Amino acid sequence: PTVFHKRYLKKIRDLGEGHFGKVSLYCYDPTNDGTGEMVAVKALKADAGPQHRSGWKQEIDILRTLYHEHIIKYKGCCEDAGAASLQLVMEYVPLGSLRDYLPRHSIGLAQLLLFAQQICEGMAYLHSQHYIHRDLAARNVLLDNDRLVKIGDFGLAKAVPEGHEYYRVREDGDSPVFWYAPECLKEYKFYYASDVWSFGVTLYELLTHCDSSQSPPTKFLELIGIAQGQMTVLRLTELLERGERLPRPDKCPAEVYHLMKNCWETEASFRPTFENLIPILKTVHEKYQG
């Protein structure tokens, strides 16, 4: 609903670049005085195809209507005359992603489980609104403060059709395969249960403190190798079907690894839902707290 006027927008620094977009930090100062606001602005590249351009308007409308404590706050839009589309303005989350934060801040097991619980609440809310995320990874989880986390990007999020139980994807070149369930890699079908698999991977990233050497692409690529031709995705699919999984992170409890392994059930219907995971993480969080 809210409209940002370009004349009060001052660019500070680039924050990141996703699949089809770019996020930059801006100062929104309607004066020049100290009552300034810092804003995160998502812009689609002016080169983006007609597929991404229609998908962009849908993403804007998705953030315009999602309202939850563990979802980044939509602020408004402004005309991106330079790209003929709009720019998505959101709140600026100063501590960045868990992928950015965790490698430098040794966070305790208790806070990590609180974050995992918060991602589940945000994801159960998203699923309640009949949307699938399709890009749940630690790089998309933003740190508001030491005790608050928010899902910060919806670049691949899609409305699940009323009658259907899944969304048909048709695999691209930028798909985050190392976060995907076998049904996604194989049948090009994304279920609500496919987001739970990606959550399991996010939970693994968190328990490894987002260590780049322990990362899902790093670990899976060690299990597949790099002389595969066009076959990385096939070898990944066959390893996941043989029951090979990401290892137990150093200092990760056995029960948390078992929960991770449950989000990684090959059969999608055997996975818990985000609604089921909330009481479980709540309870597992209360335990490690004391």
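Position 1 is the first residue in the sequence shown; the rest follow in order.
**Student:** Is it true that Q228 goes unbuilt in a third or more of the other compared entries of this protein?
**Tutor:** No.
**Student:** In at least a third of the other entries we lined up, does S85 end up with no coordinates?
**Tutor:** Affirmative; at least a third of those entries omit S85.
**Student:** Mean Cα B factor from the PDB record: higher for 196-204, or higher for 142-150?
**Tutor:** Taking the mean B-factor of the alpha carbons in each, 142-150 is higher.
**Student:** Using only the Cα atoms and their B-factors as the entry lists them, report which of 64-72 and 31-39 averages higher.
**Tutor:** That would be 31-39.
**Student:** Going by the entry, which of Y166, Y180, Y125, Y92 has the most elevated CA B factor?
**Tutor:** That would be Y166.
**Student:** From the list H52, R248, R242, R245, select the residue with the highest C-alpha B factor recorded in the entry.
**Tutor:** Comparing C-alpha B-factors across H52, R248, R242, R245, the top value belongs to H52.
**Student:** Taking the C-alpha B-factors as the PDB entry records them, is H19 in the lowest, middle or highest third of its chain?
**Tutor:** It belongs to the highest third of the chain when residues are ordered by C-alpha B-factor.
**Student:** Lowest, middle or highest third: where is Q228 by Cα B-factor in its chain?
**Tutor:** It falls in the top third of the chain.
**Student:** If you rank the chain by CA B-factor, which third does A46 end up in: lowest, middle or highest?
**Tutor:** Highest third of the chain for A46's C-alpha B-factor.
**Student:** Hey, what third does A137 fall into on Cα B-factor, ranked over its chain?
**Tutor:** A137: CA B-factor falls in the lowest third of its chain.
**Student:** How does the C-alpha B factor of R13 compare with the rest of the chain: lowest, middle or highest third?
**Tutor:** Its C-alpha B-factor belongs to the middle third of this chain's values.
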